[PDB]
Amino acid sequence: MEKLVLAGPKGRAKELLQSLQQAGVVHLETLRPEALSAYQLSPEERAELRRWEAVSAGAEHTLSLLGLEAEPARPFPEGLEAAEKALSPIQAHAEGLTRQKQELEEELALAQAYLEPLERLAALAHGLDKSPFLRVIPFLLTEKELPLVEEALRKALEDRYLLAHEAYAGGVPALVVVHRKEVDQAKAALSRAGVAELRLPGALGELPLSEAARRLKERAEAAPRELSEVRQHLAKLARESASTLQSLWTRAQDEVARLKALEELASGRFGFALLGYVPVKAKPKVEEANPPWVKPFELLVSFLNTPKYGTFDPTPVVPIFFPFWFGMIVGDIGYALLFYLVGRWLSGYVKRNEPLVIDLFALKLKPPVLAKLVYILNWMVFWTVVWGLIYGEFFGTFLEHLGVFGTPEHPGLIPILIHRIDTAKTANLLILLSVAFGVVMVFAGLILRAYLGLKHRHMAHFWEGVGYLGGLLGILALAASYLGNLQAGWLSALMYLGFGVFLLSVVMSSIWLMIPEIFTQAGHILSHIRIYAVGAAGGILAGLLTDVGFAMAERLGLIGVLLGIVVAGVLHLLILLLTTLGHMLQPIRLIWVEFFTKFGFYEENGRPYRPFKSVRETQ
Amino acid sequence: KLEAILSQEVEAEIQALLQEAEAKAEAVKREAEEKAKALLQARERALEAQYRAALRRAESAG
Amino acid sequence: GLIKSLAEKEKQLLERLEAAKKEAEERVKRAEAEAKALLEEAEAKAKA
């Protein structure tokens with residue numbers, strides 16, 4: 001029976017216990033810090049740990065050069081000595097080749113720039129680079145520059161000089177021949193003009209010109225063939241040993257985590273620490289612990305198991321998200337009913353988009369693993385696109401059929417030839433439908449706000465959640481009078497007054513020295529309304545722009561527009577596509593009002609648990 | 001579990017250690033008898049020369 | 001969880017060490033005493 005010591009926080013002592021019991025563990029006992037301070041690494045342990053990181057480093061280093069870094073779940077179990085022996089030739093070979101290839105490219109670059117200048121300059125000073133008699137100065141001239149230079153030399157150096165030049169492929173590299181001790185006269189003339197000397201880097205420059213010129217030529221010629229050799233070798237190493245580097249990194253990495261864990265236990269700073277024994281079979285288990293709703297619901301199960309407050313776990317969040325999210329596509333012939341294509345790319349596999357090839361092998365813009373993690377989301381994106389197609393047929397209930405409006409059941413050009421959602425009232429009712437869902441979400445949050453202090457036993461939050469619902473009576477009163485118009489207005493001026501007292505009554509037990517901030521709490525209500533409203537109005541608006549896009553915008557609206565309208569269609573389409581991507585951000589902006597500004601949820605100025613954005617990202 | 005079991009794993013290494021330190025406690029008595037022995041082999045032998053000499057002297061005189 | 005596991009485990013490992021020391025010391029002593037007691041007899045024999 002293998003012994004384990006496990007540690008974690010005090011808050012989740014119970015939750016840890018419970019995960020463990022289900023997993024299979026027996027003999028659980030709590031430990032005090034004296035018992036934890038006994039497991040301090042030793043010089044032999046620490047020496048292996050520095051070394052294990054050294055393997056980890058060497059692996060990243062070499063693998064990055066051969067291709068791309070990634071780490072597979074599998075390890076390859078070996079001793080240290082074995083690890084050190086496998087990496088050392090593989091690293092040596094990669095290290096040599098990447099320097100050799102870089103050296104060749106730099107080398108080739110110099111040879112390419114300067115073969116013709118040095119060749120021209122060498123010929124010019126043939127035998128003149130080692131005769132004591134004469135001194136030569138090489139320098140670069142451009143065509144425009146040459147007359148000035150020539151005059152300038154001639155005043156400096158009289159008529160006891162030879163200036164000859166040959167043309168490389170621009171201007172000329174020019175060479176002046178002067179007597180030794182009239183060297184200074186010639187250099188002064190160039191310096192004064194602003195003409196710099198021509199030479200090569202390092203040793204090659206120092207060597208006579210001819211030697212340099214012949215070599216340079218030969219290196220321009222030779223380098224691509226040497227570069228081809230080194231590249232082949234580098235590829236053959238990459239095909240065979242990319243996989244091995246990845247597996248050595250994985251074994252070392254686990255081992256690093258293991259040893260670091262132990263040193264971290266040793267200081268005994270952990271709150272809750274447990275002792276237990278597991279059987280051999282048990283030892284693997286102990287350490288571990290309809291498609292539209294159930295599939296994302298399955299991932300919410302890991303967060304069901306973990307509560308950190310007296311508020312109920314963030315499981316309801318996903319069905320609250322769904323109506324508004326689905327309801328973001330409600331366009332016509334030109335948007336919603338064509339959206340089908342867009343869904344099929346992500347949940348299926350096409351070649352149409354470049355980084356998407358076989359989605360079945362998880363190939364995306366995103367990393368291959370990451371794409372596998374958001375398969376669940378891809379399915380929900382598909383359901384989103386499909387629910388968007390249906391709300392296209394919803395849309396054509398009020399924009400087509402002769403049973404609902406006078407608009408043709410089949411137009412003579414293309415479906416959705418007329419728009420009847422251009423009448424203010426028809427459009428308004430769908431807006432007012434969304435607004436209602438926002439009132440509900442305000443209620444959902446405010447029950448959740450209050451619940452936190454109920455099961456966490458914190459009075460301040462409790463008082464805030466109950467008192468705020470007083471405000472809700474007053475929101476619903478005022479609303480009835482605006483939604484039905486002549487419904488209240490005298491039955492919510494009198495009643496409003498007893499509704500306002502409920503608003504603050506227990507808020508004053510809580511104290512609250514942000515009395516003005518209640519304008520912003522009403523504002524938060526107004527933000528859920530204004531976001532559902534935009535999702536409705538902006539939804540219909542996208543479609544009404546298709547009125548002069550896919551129907552009719554040319555001639556008299558005769559039959560020929562069918563094959564003329566596409567002129568406009570191609571332009572609008574993409575513009576529309578771009579702006580409706582902005583409309584799908586309205587959901588997560590909706591969650592952030594409530595989630596991130598405290599109404600029963602963790603978030604508000606940091607705090608434990610992770611943002612709902614990172615949670616829904618996979619779901 | 002292990003508890004007193006783990007302390008009987010110590011009580012085993014420190015009997016390993018105790019056999020080594022009973023292997024000094026054997027070596028001391030061994031080097032002490034192997035020593036003593038040569039000192040009475042020496043005492044016997046010295047007296048013998050000095051007793052062979054005592055009789056030869058008393059012979060030559062007699 | 002009971003504190004008796006971790007506590008009484010320290011004090012049974014600690015107790016083990018104590019008995020290792022005790023019989024290391026009272027044994028080293030003994031060995032010297034034997035050597036001595038022999039070497040007194042090695043004089044008592046020699047004189048005879």
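Neighbour counts are summed over all protein chains in view; Cβ atoms, including those assigned to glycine, are modelled from backbone coordinates with ideal geometry. Each value in this text was obtained by applying a stated rule to the coordinates, not by laboratory testing.
Residues checked against (1) within 14 Å of chain C (Cβ to nearest Cβ); (2) surrounded by 15 or more Cβ atoms within 10 Å (Cβ to Cβ); (3) in contact with a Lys or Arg (Cβ under 9 Å, 6 or more places away or on another chain):
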| site | (1), (2), (3) |
| --- | --- |
| A:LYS10 | yes, no, no |
| A:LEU20 | yes, yes, no |
| A:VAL26 | yes, no, yes |
| A:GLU29 | yes, yes, yes |
| A:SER37 | yes, no, no |
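Of A:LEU576, A:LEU562, A:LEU544, A:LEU590, which residue is in contact with a helix residue (DSSP H, G or I) (Cβ under 6 Å, 6 or more places away or on another chain) and surrounded by 14 or more Cβ atoms within 10 Å (Cβ to Cβ)? Only one candidate qualifies: A:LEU590. Scanning the stretch C:2-12 finds no residues that are within 20 Å of the chain's Cα centre (by Cα), more than 12 Å from chain A (Cβ to nearest Cβ) and under 30 Å from B:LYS35 (Cα atoms).
Is one or more of the residues making up the stretch C:20-36 facing another protein chain (nearest Cβ under 7 Å) and within 30 Å of A:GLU29 (Cβ to Cβ)? Yes, that holds for at least one residue.
When we screen B:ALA38, B:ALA23 for residues that are outside any helix (DSSP H, G or I), under 14 Å from the mean Cα position of the chain (by Cα), more than 9 Å from chain C (Cβ to nearest Cβ) and of a type in the set (A, V, I, L, M), the only hit is B:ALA23. Would the stretch A:311-318 turn up any residue that is buried (at least 20 other Cβ atoms within 10 Å of the Cβ), among the hydrophobic types (A, V, I, L, M, F, W, C) and part of a loop (DSSP other than H, G, I, E, B)? The answer is no, given that none of the residues of the stretch A:311-318 is buried (at least 20 other Cβ atoms within 10 Å of the Cβ), among the hydrophobic types (A, V, I, L, M, F, W, C) and part of a loop (DSSP other than H, G, I, E, B).
Checking C:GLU40, C:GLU23 one by one, the residue that is among the acidic types (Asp, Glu), outside any loop (DSSP other than H, G, I, E, B) and under 13 Å from the mean Cα position of the chain (by Cα) is C:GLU23 and no other.
A count restricted to the stretch C:1-35 and to residues that are surrounded by 11 or more Cβ atoms within 10 Å (Cβ to Cβ), farther than 30 Å from A:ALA35 by Cβ and not hydrophobic (A, V, I, L, M, F, W, C) stands at 5.
Does B:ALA4 satisfy the condition of being within 10 Å of chain C (Cβ to nearest Cβ) and more than 24 Å from the chain's Cα centre (by Cα)? Here the answer is yes, as B:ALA4 does meet what is asked. In the set A:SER131, A:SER191, only one residue is of a type in the set (S, T, N, Q) and in a helix (DSSP H, G or I); that residue is A:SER191. Only a single criterion out of (1) away from every other protein chain (no Cβ under 11 Å); (2) surrounded by 12 or more Cβ atoms within 10 Å (Cβ to Cβ) is not satisfied by B:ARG57, namely (2).
Let's see how each residue does on (1) in contact with an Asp or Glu (Cβ under 9 Å, 6 or more places away or on another chain); (2) more than 21 Å from A:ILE320 (Cα to Cα):
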site: A:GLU409; (1), (2): yes, yes
site: A:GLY412; (1), (2): no, yes
site: A:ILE416; (1), (2): yes, yes
site: A:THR426; (1), (2): no, yes
site: A:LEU432; (1), (2): no, no
site: A:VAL435; (1), (2): no, no
site: A:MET441; (1), (2): yes, no
site: A:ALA444; (1), (2): yes, no
site: A:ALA450; (1), (2): yes, no
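Residues satisfying the criterion are absent from the stretch A:63-81 (criterion: within 25 Å of A:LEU209 (Cα to Cα) and over 34 Å from the mean Cα position of the chain (by Cα)).
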